[PDB]
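**Student:** Handing you this structure, nothing more for now.
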Amino acid sequence: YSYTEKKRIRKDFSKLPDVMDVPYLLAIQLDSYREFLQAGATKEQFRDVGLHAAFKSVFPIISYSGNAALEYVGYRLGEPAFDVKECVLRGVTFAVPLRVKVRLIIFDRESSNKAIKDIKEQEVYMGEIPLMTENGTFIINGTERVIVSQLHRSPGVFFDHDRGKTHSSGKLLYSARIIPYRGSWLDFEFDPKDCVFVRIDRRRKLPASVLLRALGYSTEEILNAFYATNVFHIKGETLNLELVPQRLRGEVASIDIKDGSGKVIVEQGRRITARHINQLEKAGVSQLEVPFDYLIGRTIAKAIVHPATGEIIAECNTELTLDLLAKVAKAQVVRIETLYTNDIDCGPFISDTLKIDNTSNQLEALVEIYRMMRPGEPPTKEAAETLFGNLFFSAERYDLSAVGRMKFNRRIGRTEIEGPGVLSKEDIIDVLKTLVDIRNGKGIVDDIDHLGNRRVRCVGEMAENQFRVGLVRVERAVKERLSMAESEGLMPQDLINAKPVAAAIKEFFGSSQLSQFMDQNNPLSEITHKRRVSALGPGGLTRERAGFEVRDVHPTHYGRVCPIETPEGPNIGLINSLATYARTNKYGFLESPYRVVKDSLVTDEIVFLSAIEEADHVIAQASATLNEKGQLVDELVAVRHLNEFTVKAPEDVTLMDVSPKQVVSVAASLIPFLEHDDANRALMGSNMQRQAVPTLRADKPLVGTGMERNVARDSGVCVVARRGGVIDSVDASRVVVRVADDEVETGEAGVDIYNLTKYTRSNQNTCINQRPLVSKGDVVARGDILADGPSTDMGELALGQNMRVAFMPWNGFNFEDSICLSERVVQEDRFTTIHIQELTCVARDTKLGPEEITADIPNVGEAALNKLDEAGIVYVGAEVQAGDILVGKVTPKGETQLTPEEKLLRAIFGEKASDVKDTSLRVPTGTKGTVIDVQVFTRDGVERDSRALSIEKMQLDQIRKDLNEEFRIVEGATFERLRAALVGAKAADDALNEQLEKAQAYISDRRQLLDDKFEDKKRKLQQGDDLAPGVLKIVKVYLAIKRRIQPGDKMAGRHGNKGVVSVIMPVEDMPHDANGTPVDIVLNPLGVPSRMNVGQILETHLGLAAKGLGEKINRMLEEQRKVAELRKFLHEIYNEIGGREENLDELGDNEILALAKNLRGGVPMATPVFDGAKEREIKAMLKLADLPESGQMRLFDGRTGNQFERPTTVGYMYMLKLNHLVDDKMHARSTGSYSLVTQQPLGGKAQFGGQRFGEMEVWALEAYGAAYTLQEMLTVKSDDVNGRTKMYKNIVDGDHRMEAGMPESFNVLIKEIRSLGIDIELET
Amino acid sequence: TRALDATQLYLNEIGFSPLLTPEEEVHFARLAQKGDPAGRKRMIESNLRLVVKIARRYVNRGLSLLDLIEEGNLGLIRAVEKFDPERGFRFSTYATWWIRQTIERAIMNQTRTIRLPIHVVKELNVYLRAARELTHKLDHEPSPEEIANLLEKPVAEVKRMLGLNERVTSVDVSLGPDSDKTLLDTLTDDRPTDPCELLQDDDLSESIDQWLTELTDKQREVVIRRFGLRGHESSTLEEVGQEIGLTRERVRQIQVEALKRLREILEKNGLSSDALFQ
Amino acid sequence: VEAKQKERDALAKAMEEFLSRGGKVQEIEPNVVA
Amino acid sequence: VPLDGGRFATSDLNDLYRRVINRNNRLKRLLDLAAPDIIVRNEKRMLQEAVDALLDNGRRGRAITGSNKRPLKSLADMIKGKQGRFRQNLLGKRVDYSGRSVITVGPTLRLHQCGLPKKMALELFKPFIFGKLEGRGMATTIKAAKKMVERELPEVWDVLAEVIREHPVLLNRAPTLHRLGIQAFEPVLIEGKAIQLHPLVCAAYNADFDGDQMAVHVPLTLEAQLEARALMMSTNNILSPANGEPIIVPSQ
Amino acid sequence: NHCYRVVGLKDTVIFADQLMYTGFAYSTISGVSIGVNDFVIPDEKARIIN
DNA sequence: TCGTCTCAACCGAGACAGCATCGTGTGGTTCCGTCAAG
DNA sequence: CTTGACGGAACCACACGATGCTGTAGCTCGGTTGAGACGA
Ligand SMILES: [Mg+2]
């Protein structure tokens, strides 16, 4: 029992008991980072894939025409010296070195143990490690970016149908897309005219016989082993045939096969049935007599070269004819090798593909694959062989992991799961056998929309591939540099280069699409952006490449891929999510656990089951009747065996579900009543919850799902307790806890600091902060919540707030799906939000004059100079209005060519002719708030501003203050430990002296430790950071806008009901009941029939019941009753039909008062997704708290006062706040600066541009029969020179003439057309 | 089918280049000295293997390989044009040095948009070479402080020298793979091209024209002739001493009292310093 | 895959035989360029 | 243009034109030395691929730039730009006197009027308020006019409300679906930042109040206002262009 | 559509706001809501399912 | 026995050093615009 | 209404590298085109 559960317990309604606790959410990226980095390991590291596996495949090298070797035992990880809270405010991006030890061993180039000169030394730091935090994110140059799990196609060969318009046939085979892990993309297309032709990226179509002859297999042996295995002889009655009963099954025999010494099997014109097959099986006659007319349709496998004749009488892979059989008879051929194909058997398409284009020589295939790669070049056998080896056999620019060989072995059939990483010709034999088996029709075709055909990758494999590419580039550079060098003439450190791997690890996080910016506006976005499964990026399908193939789901995703979590817009279906209980495998495969059930009893152990065995095994349903004996009471349950739902027997199943929340992801599972909603609007509500923003007062959610505390625990913004103990002092800047004597070491017992995250900037310009929820003098446990982040309160996830909500169309304010608020939300500041707005200003150095932070700026009034100091920066916490100068930036100018009007207005006012302009940045329109802090970065060895000195002195006194308070708490812990030690038998004496000396040594070690920590902080804060070149000082001011509720804000609930508020209506216009609480936010009753979600009504009914119980316990606490009445009240609450009771455990004085003070503001529920609360417990909870049972309240009309002749429904709806406000989208522009290619306005002049008046806008404009505004908006608003001037003069003077003129768009067009030399003239 | 490319066609065309003994090149250089259009043609059509071997080393640059083989044969023909056979050595090293000079000129003139002379690109090349040498032992990002300490140069000087290296990217390759919006419509010009700026210019011109027409004649004349606003040139009282007033102090006092009158009528018209210069 | 692993094992065996057959280890500095 | 820190911002057309300039200069310096046939064939082929990279990109040249992976932009990418083979004036056209906002429903307003907040009403009527301020006789300048509309004075609403009651505005959804997405209305003077709309026109918009981004348009001359109140005022386009049913459809 | 076709434009659009206003007022003073008793479940549905 | 009528792939969109002037920095006087002083 | 003094441009000579040139020699779906097929 945790300490947070004593303050808040959740009334659950799960009729099914919980058999498995919710696992770690971000463990996949955690152990992927642990496998790729290998920070904590022994001297014998793991042999799995990663940076060590990428280094061990390349680092043993041999010099061409020389003797050189490089050995390594391992690498050494670097120590992260940059603090996270100082690198988000300085810009260090978590730099961490990585040094390796290379052994340069030389030889005498004779393959013997002679001249063994080994030089074992540590090399330079190969790049910089990312060094991500424990939360699962890493900072990339100030901002925090995360990786996305690439859900590309699985490595291997698939065989689908792909019926399209290009084939123009009902039954056709698709192209075999061989997909390796990196590089060497090969294709195998099946031609419709009984042929097979491979394809390439840029080359044309090539036959499969040339590919086999280039791989190494001869055409005759491949044509023999491809079709069948049958030999023909000439013995006895002029021919001898080997009869096969398997090939003759289902074939209409048109000839006589009466051989067998007077026993006829099938007569002429009789179909071969199973009786003739059984007769041939019981006879066993291997020799049959056929006429010579049947041999004409057969095709030979190899060339028939008789040794007596001396010439080739039959070509390789050719048909037999009436003269060819006579030639083979007269040439005295003993054994004839030919293929046997039937209509009921597989069609001989491989022989027809091998017989095409006369491909029978190895040199012809070599020059064909040389012309396919480099056409029109010098045909060389060695160069083409080396190119084919580097493309197929060698690992040069080609990396394939073992999962592709595992998928190929699972496809073609093999007992060994692990295969070789290099491709061979035997895999080509398996894939040709697989494609002719697919063209025969046996087996099942693969589905490209399956979970097995879409592998979920991570950052580790792609990072290892990029590091391997950079490492083979550095190895090629070192081999090119050390070609003519020697051992004593060169150096092992100077020959290596860590620059290509540093450039590769730079582009892997800076210019890669997979390392996009992390959505940190909401903790749900923070936990779901790690678990995104996107198909885009390199080696995947983009938005236009999706079609109708990867946007659909197969029922093999039972507990693996959640389809109710994808971003709405232009990409739905190809970007997927990861489920809750789904755990990836070692091979990167998505697997889900299942409960093994026998015929009589139910087992306890759980095994993670893959997708390849679920197609053969039966999977039952966990939502079944159980009589507490381990058996199903029903005789028929909805099960699935062949990836399709059906009905089965309870003694026939073998597996069932673990939990019903294993199929849904963590985005949609936070919405209650998922089984009452449709997946469309639940997906929309999950998307708006992922795109949510925090609030000011974090009110706890009324109707909860139970996993709110779990998703608050796994979130990195919360404060997790490493060790338990009592809490000494709680502060909003930092908290400290004591360490008990059980879970502690000998020395340095009490050491626990927790720097709370102050008001800093997120990625979507929203504020983040940590609020403590504990007291002084209380004990905690391991993993306890100390301080909750934004949109989290007192240990649970608390995103928005709740208010009284009814379902009524009220005066057209909630017209279709709109919102009508009340004055309580603006008077109590409930759903208001505060954004932190960034403003990055640079102070660069130009060639005509440098810039600096100088407060003496020309054209500055009194209201601007009063805010800024003698330095040039506004003070901490000043009110910033619209159109205020914040930063100080003066740029010089020379030869400005000033007008006489400007010097006249300068000489009238008597001001000095300042030749230095003012290019200081200002706020946009609609921003009027208060700044909180400013972060300044300067270069190393440059002049520093006095505001920078004030900032660094405030930071150093804050750092010294927290160092002093942690030194104070550790010396208080040491003194209380010594005082608890000396009281035992005080009245031997050598031990006490020893312990005092050990305590003095410990406190002096802590003193010198804080001295070197302060020295490190001073040497890290006084130095300069790596900034952009040409910049003297980089400042950034953090402006916080205190935004309130305005008419037009975005408001949506939890079930996908998007709406906009209308105005600020008062508290009296809304209808009220007889109790005294008027309704606040009124919704429309169209959200329930149109959007297919009835969970609105159930959620608002449970919210009404929860507010009834909360008001009852509030008036019970007001009435000053005893604790026996409160525990009887909790007993009659927690003894419903659903869920379980956890009463009679908490103490009355502490825990009961704690749960009262922490549950007076509402109680949370705990409902599952597919076996949640039924309606009868909701009717009981409505009827026990003096509320109507159907939600049929009787309300009073506030507007007209007439009594309603109908009962209404009110309640409480927990809604969310969105990042769809008006202030970030408002563009305020009347006149904007025109562009350079045409006279169209654009941004950049401290004003946002307009919208795109493209083709559809002007099409809808000329939809009506008008012509004057079409040219007015095209020659007056844009694309003119003097037309706007004469029209403004006509507007100012008043008279209108409407002169036509000549626009500049015709001038741009005539220049762009006469750039090609085109005669254009006017007739007139 | 056949290849519709140029590099393959060039590689097939250069296959007929012979490589005889050095006495043939000695005789060709002797015949090219007196003047004949056969030895120069043979030297330009029989020595392309060294040209393509030079051009294969300068791959992955801001140019194309056709430009590299063109500067190679241009340096070769400039080497054999003014070729002196009195040394009696091989002209392959001379053609190699000429091709090195031509590829240095190609790096100088065909890489960056801003053109550079020889000395600044030479000091940029040795500075980037020194940075490449020191970054192998530094194992971090190259900063100008260590380069200035190693090269015995001031930090501001090497900062101004590295400031010339712009390395400008494209205007269509935006941030990210999905280039839904280019960088042409992002930034604007630095000059005043807004209709607000020109509108304020013409309104201020008409306003000061009305204020000069509403003032006295002598004050408007001394305000228009001195600054050159109302159809006047760039002349002053030293040039208008025989035009308006002979004494410079008298017309200077008239000018400053006219400026004070303009300031007081702007103050009475609702125009102050804070309302004009923010 | 297998050929690179066999070359790595052969190079490791040759380095072990060179280290156990009279050869020593030359410990160069971590930051040294020729 | 000079960028931040002495840098510059150039297009690829400068690079391709400079490259064909240098190749023509090398042609000029090579034609005057009695050159053989093979090198002038190679140089004319080089100029052919150079001017082919000048006019188009992505066919046979495949020229790359320095320290990047994206190909250069030819003059086809100046006459067209991005988004297929559509022109630069046809791909994007940022029109002046516009700005995107979010909409909301206003039920207390008629069909012949609407709502509009003052924060954008001070700028969408900026030449009108400049003409009225210079014609009535309170401020003949324009910089003091900008100062008094940015200082939030008390008289700016009284001098601004004359061109609010009887002045049309245009409003278009940024996802355009049909011809009813553009409309004409009459603003009033309200508080806040977002725009109130007519209730019975969102069905003609096919735009439920889901918090999208809708942009407004204000034409400059009064002739365009008269013809907009003739063509797309909501008392004129009552019938839908599909059939005989009205596009103003009553909601639930 | 019928009253639009028989009266023109101005009387239609002045009828439209008055009909919208009385519809808004009669929606405000109405009292319908979709509840848990709104979705009536017949007892023969489980018989059909079984 | 040959001209014309389909027919399936092909392609493309939504280094180093030296030589001969050279161009604005760097004052150099000089003219100009202004500041006291009667 | 007169007089004499200092700070800021204004071409211009001097000039310090600095421009400029030169020699060493080892996804679906529509317009294009080559190829088989049939009758006068
Ligand atoms: Mg919407």
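Starting from 1 in every chain, residues are counted up; chains themselves are A, B, ... following the order of the structure tokens, and ligands are numbered from 1 as listed.
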Could you list, with a cut-off of 12 Å and counting only C-alpha atoms and all ligand atoms, the residues of chain A near ligand 1, each shown with its nearest atom pair and the distance in Å rounded to one decimal, rows sorted by chain and ascending number, as a Markdown table?

**Tutor:**
```
| residue | atom | partner | partner_atom_place_in_ligand_line | distance |
| --- | --- | --- | --- | --- |
| A:568 | CA | ligand 1 | 1 (Mg) | 11.7 |
| A:569 | CA | ligand 1 | 1 (Mg) | 11.3 |
| A:684 | CA | ligand 1 | 1 (Mg) | 11.9 |
| A:816 | CA | ligand 1 | 1 (Mg) | 11.4 |
| A:817 | CA | ligand 1 | 1 (Mg) | 10.2 |
| A:818 | CA | ligand 1 | 1 (Mg) | 11.0 |
| A:1050 | CA | ligand 1 | 1 (Mg) | 11.0 |
| A:1052 | CA | ligand 1 | 1 (Mg) | 12.0 |
| A:1056 | CA | ligand 1 | 1 (Mg) | 11.8 |
| A:1057 | CA | ligand 1 | 1 (Mg) | 10.7 |
| A:1058 | CA | ligand 1 | 1 (Mg) | 7.8 |
| A:1059 | CA | ligand 1 | 1 (Mg) | 8.8 |
| A:1060 | CA | ligand 1 | 1 (Mg) | 10.1 |
| A:1220 | CA | ligand 1 | 1 (Mg) | 11.4 |
```

**Student:** Skipping near chain neighbours, those fewer than 6 positions away, what residues fall within 12 Å of residue G:19 using only C-alpha atoms (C1' of nucleotides), listed as a ChimeraX atom specification?

**Tutor:** /B:115-120 /F:20-23

**Student:** If we count only C-alpha atoms (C1' of nucleotides), what is near residue D:11 at a cut-off of 12 Å, once residues fewer than 2 positions away on the same chain are taken out, given as an MDAnalysis selection string?

**Tutor:** (chainID A and resid 1237) or (chainID B and resid 112:113 168:173 182:184) or (chainID D and resid 1 8:9 13:18 65 71:75 77:78)

**Student:** Quick one: residues within 10 Å of residue C:14, only C-alpha atoms (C1' of nucleotides) counted, chain neighbours fewer than 6 positions away excluded, as a PyMOL selection string?

**Tutor:** (chain A and resi 69+71+105+112-113+116) or (chain C and resi 8+20)

**Student:** Would you mind exporting N, CA and C atoms of the selected residues as a PDB file, in the first residue's frame?

**Tutor:**
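Output below, filename again22.pdb:
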```pdb
ATOM      1  N   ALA A  69      47.096  -4.766 -39.174  1.00  0.00           N
ATOM      2  CA  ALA A  69      45.988  -5.337 -38.424  1.00  0.00           C
ATOM      3  C   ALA A  69      45.634  -4.415 -37.266  1.00  0.00           C
ATOM      4  N   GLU A  71      43.329  -4.512 -33.675  1.00  0.00           N
ATOM      5  CA  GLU A  71      42.590  -5.295 -32.698  1.00  0.00           C
ATOM      6  C   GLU A  71      42.078  -4.386 -31.588  1.00  0.00           C
ATOM      7  N   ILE A 105      48.658  -3.829 -34.771  1.00  0.00           N
ATOM      8  CA  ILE A 105      49.565  -4.962 -34.911  1.00  0.00           C
ATOM      9  C   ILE A 105      50.032  -5.029 -36.357  1.00  0.00           C
ATOM     10  N   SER A 112      52.922 -15.473 -41.296  1.00  0.00           N
ATOM     11  CA  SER A 112      53.693 -16.153 -40.268  1.00  0.00           C
ATOM     12  C   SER A 112      53.865 -15.222 -39.078  1.00  0.00           C
ATOM     13  N   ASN A 113      54.405 -15.772 -37.990  1.00  0.00           N
ATOM     14  CA  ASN A 113      54.636 -15.006 -36.765  1.00  0.00           C
ATOM     15  C   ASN A 113      56.028 -14.371 -36.815  1.00  0.00           C
ATOM     16  N   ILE A 116      56.269  -9.093 -35.228  1.00  0.00           N
ATOM     17  CA  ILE A 116      55.028  -8.809 -34.518  1.00  0.00           C
ATOM     18  C   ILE A 116      55.194  -7.538 -33.697  1.00  0.00           C
TER      19      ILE A 116
ATOM     20  N   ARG C   8      37.889 -11.956 -37.732  1.00  0.00           N
ATOM     21  CA  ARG C   8      38.045 -11.372 -36.402  1.00  0.00           C
ATOM     22  C   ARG C   8      38.629 -12.381 -35.418  1.00  0.00           C
ATOM     23  N   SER C  20      51.705 -13.331 -26.459  1.00  0.00           N
ATOM     24  CA  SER C  20      52.277 -14.400 -25.654  1.00  0.00           C
ATOM     25  C   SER C  20      53.570 -14.960 -26.232  1.00  0.00           C
TER      26      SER C  20
END
```

**Student:** Could you find all residues in stretch 847-913 of chain A that DSSP calls alpha helix (DSSP H) from the backbone, and write them as a ChimeraX atom specification?

**Tutor:** /A:862-865,900-909

**Student:** Tell me, counting only C-alpha atoms (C1' of nucleotides), for each residue of chain A within 7 Å of chain G, which pair of atoms is nearest and how far apart they are in Å to one decimal, in rows ordered by chain and increasing number, as CSV.

**Tutor:**
```
residue,atom,partner,partner_atom,distance
A:544,CA,G:27,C1',5.7
A:545,CA,G:27,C1',4.3
A:546,CA,G:27,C1',6.3
A:547,CA,G:27,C1',5.6
```

**Student:** Can you write just those residues out, C-alpha atoms, as a PDB file, in the first residue's frame?

**Tutor:**
```
ATOM      1  CA  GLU A 544       1.451   9.255 -51.045  1.00  0.00           C
ATOM      2  CA  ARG A 545       2.823   5.679 -51.023  1.00  0.00           C
ATOM      3  CA  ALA A 546       0.184   4.313 -48.627  1.00  0.00           C
ATOM      4  CA  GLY A 547      -2.807   3.657 -50.878  1.00  0.00           C
TER       5      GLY A 547
END
```

**Student:** As a list in words, could you give me every residue of chain D near chain F (at most 10 Å apart, counting only C-alpha atoms (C1' of nucleotides))?

**Tutor:**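 The complete set of qualifying residues is residues 83, 84 and 85 of chain D.
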
**Student:** Those selected residues, please, written with C-alpha atoms and delivered as a JSON list (two decimals), in the first residue's frame.

**Tutor:**
```
[["chain", "number", "residue", "atom", "x", "y", "z"],
["D", 83, "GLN", "CA", 3.92, 21.19, -56.00],
["D", 84, "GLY", "CA", 4.29, 19.53, -59.38],
["D", 85, "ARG", "CA", 4.11, 21.38, -62.70]]
```

**Student:** Dump as a tab-separated table the rows for residues of chain F within 12 Å of chain A: closest atom pair and distance in Å with one decimal, only C-alpha atoms (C1' of nucleotides) counted, ordered by chain and rising residue number.

**Tutor:**
```
residue	atom	partner	partner_atom	distance
F:8	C1'	A:166	CA	10.5
F:9	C1'	A:205	CA	10.1
F:10	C1'	A:204	CA	10.2
F:14	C1'	A:544	CA	8.9
```

**Student:** Save the residues we just selected, N, CA and C atoms (P, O5', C5', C4', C3', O3' and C1' of nucleotides), as a tab-separated table (two decimals), in the first residue's frame?

**Tutor:**
```
chain	number	residue	atom	x	y	z
F	8	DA	P	-2.09	-6.75	-74.56
F	8	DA	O5'	-0.70	-6.56	-73.78
F	8	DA	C5'	0.33	-7.54	-73.92
F	8	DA	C4'	1.71	-6.90	-73.81
F	8	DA	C3'	2.08	-6.35	-72.43
F	8	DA	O3'	3.46	-6.60	-72.17
F	8	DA	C1'	2.17	-4.61	-74.02
F	9	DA	P	4.05	-6.46	-70.68
F	9	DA	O5'	4.96	-5.14	-70.76
F	9	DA	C5'	6.37	-5.24	-70.59
F	9	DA	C4'	7.10	-4.19	-71.40
F	9	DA	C3'	7.77	-3.08	-70.58
F	9	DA	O3'	8.97	-2.66	-71.22
F	9	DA	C1'	6.24	-2.12	-72.04
F	10	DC	P	10.14	-1.95	-70.39
F	10	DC	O5'	10.49	-0.64	-71.26
F	10	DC	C5'	9.43	0.12	-71.84
F	10	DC	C4'	9.82	1.58	-71.97
F	10	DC	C3'	10.37	2.21	-70.70
F	10	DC	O3'	11.21	3.31	-71.04
F	10	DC	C1'	8.23	3.12	-71.16
F	14	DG	P	1.00	17.28	-62.19
F	14	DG	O5'	0.17	16.49	-61.08
F	14	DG	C5'	-0.39	17.19	-59.98
F	14	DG	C4'	-1.38	16.32	-59.23
F	14	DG	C3'	-1.70	16.78	-57.81
F	14	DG	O3'	-3.04	16.45	-57.48
F	14	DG	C1'	-0.64	14.66	-57.74
```

**Student:** Which residues, written as an mmCIF file with N, CA, C and O atoms (P, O5', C5', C4', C3', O3' and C1' of nucleotides), in the first residue's frame, have at least one atom at most 12 Å from residue F:24, with only C-alpha atoms (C1' of nucleotides) counted and residues fewer than 6 positions away on the same chain left out?

**Tutor:**
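Written output follows (result_1.cif):
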```cif
data_model
loop_
_atom_site.group_PDB
_atom_site.id
_atom_site.type_symbol
_atom_site.label_atom_id
_atom_site.label_comp_id
_atom_site.auth_asym_id
_atom_site.auth_seq_id
_atom_site.Cartn_x
_atom_site.Cartn_y
_atom_site.Cartn_z
ATOM 1 P P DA G 15 54.032 56.742 -49.979
ATOM 2 O "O5'" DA G 15 53.114 55.538 -49.471
ATOM 3 C "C5'" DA G 15 52.332 55.697 -48.288
ATOM 4 C "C4'" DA G 15 51.360 54.543 -48.115
ATOM 5 C "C3'" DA G 15 51.908 53.168 -48.513
ATOM 6 O "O3'" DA G 15 51.547 52.202 -47.534
ATOM 7 C "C1'" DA G 15 49.870 53.559 -49.602
ATOM 8 P P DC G 16 52.667 51.555 -46.582
ATOM 9 O "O5'" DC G 16 51.998 50.195 -46.069
ATOM 10 C "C5'" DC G 16 50.745 50.224 -45.386
ATOM 11 C "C4'" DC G 16 49.878 49.021 -45.751
ATOM 12 C "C3'" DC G 16 50.620 47.698 -45.937
ATOM 13 O "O3'" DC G 16 49.856 46.633 -45.380
ATOM 14 C "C1'" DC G 16 49.444 48.240 -47.924
ATOM 15 P P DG G 17 50.591 45.349 -44.753
ATOM 16 O "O5'" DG G 17 50.705 44.328 -45.982
ATOM 17 C "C5'" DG G 17 49.726 43.302 -46.162
ATOM 18 C "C4'" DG G 17 48.433 43.871 -46.720
ATOM 19 C "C3'" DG G 17 47.589 42.888 -47.526
ATOM 20 O "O3'" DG G 17 46.215 43.276 -47.458
ATOM 21 C "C1'" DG G 17 48.247 44.611 -48.927
ATOM 22 P P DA G 18 45.039 42.223 -47.766
ATOM 23 O "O5'" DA G 18 44.074 43.009 -48.776
ATOM 24 C "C5'" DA G 18 44.628 43.847 -49.790
ATOM 25 C "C4'" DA G 18 43.915 43.647 -51.115
ATOM 26 C "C3'" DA G 18 43.494 42.219 -51.401
ATOM 27 O "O3'" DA G 18 42.567 42.212 -52.475
ATOM 28 C "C1'" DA G 18 45.269 42.743 -52.796
#
```

**Student:** Which residues are close to residue B:100, i.e. within 9 Å by only C-alpha atoms (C1' of nucleotides), leaving aside same-chain residues fewer than 5 positions away? Reply as a PDB file with C-alpha atoms (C1' of nucleotides), in the first residue's frame.

**Tutor:**
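Here's the written file selection-v3.pdb:
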```
ATOM      1  CA  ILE B  54      43.540  13.389 -61.418  1.00  0.00           C
ATOM      2  CA  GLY B  72      42.222  18.633 -66.545  1.00  0.00           C
ATOM      3  CA  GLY B  75      45.564  22.480 -67.842  1.00  0.00           C
ATOM      4  CA  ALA B  95      50.576  18.555 -66.765  1.00  0.00           C
ATOM      5  CA  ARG B 105      41.049  27.726 -59.639  1.00  0.00           C
TER       6      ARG B 105
ATOM      7  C1'  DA F  15      50.522  23.667 -53.362  1.00  0.00           C
TER       8       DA F  15
END
```

**Student:** Using only C-alpha atoms, which residue out of A:435, A:1243, A:1186, A:849 lies closest to residue B:188?

**Tutor:**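 Nearest to residue B:188: A:1243.
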
**Student:** Counting only C-alpha atoms (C1' of nucleotides), which residues from chain G have an atom at most 12 Å from any atom of chain B, and could you show them as number ranges by chain?

**Tutor:** G: 1-3, 17-26, 34

**Student:** Compile the residues of chain D that lie within 12 Å of chain E, evaluated using only C-alpha atoms, and express the compilation as a ChimeraX atom specification.

**Tutor:** /D:106-113,198-201,233-240,243-252

**Student:** Counting only C-alpha atoms (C1' of nucleotides), a student should be able to say which residues of chain F come within 10 Å of chain B; what is the right answer, written as a CSV table (one decimal) with N, CA, C and O atoms (P, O5', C5', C4', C3', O3' and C1' of nucleotides), in the first residue's frame?

**Tutor:**
```csv
chain,number,residue,atom,x,y,z
F,15,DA,P,45.8,20.7,-52.7
F,15,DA,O5',47.4,21.2,-52.6
F,15,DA,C5',47.7,22.5,-52.1
F,15,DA,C4',49.2,22.6,-51.8
F,15,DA,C3',49.6,23.9,-51.2
F,15,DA,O3',50.7,23.7,-50.4
F,15,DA,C1',50.5,23.7,-53.4
F,31,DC,P,39.7,76.2,-49.7
F,31,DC,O5',38.1,75.9,-49.6
F,31,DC,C5',37.4,75.0,-50.4
F,31,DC,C4',36.1,74.5,-49.8
F,31,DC,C3',35.2,75.6,-49.3
F,31,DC,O3',33.9,75.3,-49.9
F,31,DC,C1',35.5,73.9,-47.6
F,32,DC,P,32.7,76.3,-49.6
F,32,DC,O5',31.9,75.7,-48.4
F,32,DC,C5',31.5,74.3,-48.5
F,32,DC,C4',30.9,73.8,-47.2
F,32,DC,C3',29.9,74.7,-46.4
F,32,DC,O3',28.9,73.8,-45.9
F,32,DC,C1',31.6,74.1,-45.0
F,33,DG,P,27.4,74.2,-46.1
F,33,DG,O5',26.8,74.2,-44.6
F,33,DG,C5',26.6,73.0,-43.9
F,33,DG,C4',26.7,73.2,-42.4
F,33,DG,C3',25.9,74.4,-41.8
F,33,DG,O3',25.0,73.9,-40.9
F,33,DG,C1',28.1,74.5,-41.0
F,34,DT,P,24.0,74.9,-40.1
F,34,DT,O5',24.8,75.1,-38.7
F,34,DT,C5',25.3,74.0,-38.0
F,34,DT,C4',26.3,74.4,-36.9
F,34,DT,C3',25.7,75.4,-35.9
F,34,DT,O3',25.9,74.9,-34.6
F,34,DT,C1',27.9,76.1,-36.7
```
